[PDB]
Amino acid sequence: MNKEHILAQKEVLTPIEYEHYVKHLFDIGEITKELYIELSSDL
């Protein structure tokens with residue numbers, strides 16, 4: 001499984017780009033929206 005490897009990426013890249021990091025995932029279903037919503041701590 002390559003869910004943890006990609007996760008670290010979103011942590012490195014800015015928060016703006018991360019928003020898309022989860023978009024491509026949906027394509028296969030790697031990470032659930034629950035993660036994109038939870039991790040999302042911007043306002």
# chains A, B, ... in the order shown; residues from 1 in each chain; ligands from 1

call {"tool": "residues_around", "arguments": {"residues": "stretch 10-25 of chain A", "least_positions_apart": "4", "cutoff": "9 Å", "atoms": "only C-alpha atoms", "output": "list in words"}}
result
residues 6, 29, 30, 31, 32, 33, 35, 36, 40, 41 and 42 of chain A

call {"tool": "select_by_dssp", "arguments": {"residues": "chain A", "states": "alpha helix (DSSP H)", "output": "number ranges by chain"}}
result
A: 4-12, 15-26, 33-39
